[PDB]
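First, one chain by itself: the form deposited in one PDB entry, in structure tokens.
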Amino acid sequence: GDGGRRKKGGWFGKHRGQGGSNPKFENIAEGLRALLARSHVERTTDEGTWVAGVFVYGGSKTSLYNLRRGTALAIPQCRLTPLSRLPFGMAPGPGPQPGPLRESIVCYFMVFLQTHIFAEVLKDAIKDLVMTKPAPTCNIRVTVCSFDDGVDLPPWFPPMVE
């Protein structure tokens, strides 16, 4: 089972985005934190503009979700996107090409970082931990997404809670 070793699931609240540090995610975050410690760089820009992004992709949803949870704990000064699936690539050699809407089962998640320098550092760290993983986690891949305009993440989220 799960929560009770017998329930094997249920409604535990924790709505999408309500992630919490757990031994597994904390360990992943700890490893990523050590890799981030490798390079000393700022995370929050003065203008606080998310002009850089860490596009994680490939691997497996189980590996990606754990990496995403760990990345959040490892980097409090950043933003993460819910796992999404890449669209189909191209038909091999000759044959009918897939439609633009056509998407593959491959999952992915991009990490919004206001600074490009730290975005590069995070991408390197993610690769290091992903490579270290001997499980089907090394399959995970990441690419830098440089937003020239700079993705305008909603700079709200006030102390709305009473």
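Residues carry their position along the shown sequence, with the first being 1. Here the rigid core means the biggest group of C-alpha atoms that line up within 1.5 Å when the two forms are laid on top of each other.
There is another form of the same protein, the form deposited in another entry; it is not shown, and what comes next is about it.
After superposition on the rigid core, the Cα atom of residue 99 is displaced by less than 2 Å between the shown form and the other one. Superposed on the core, the two forms barely differ at residue 63: its CA moves less than 2 Å between the shown form and the other one. Relative to the superposed core, residue 115 shifts its CA atom by less than 2 Å between the shown form and the other one.
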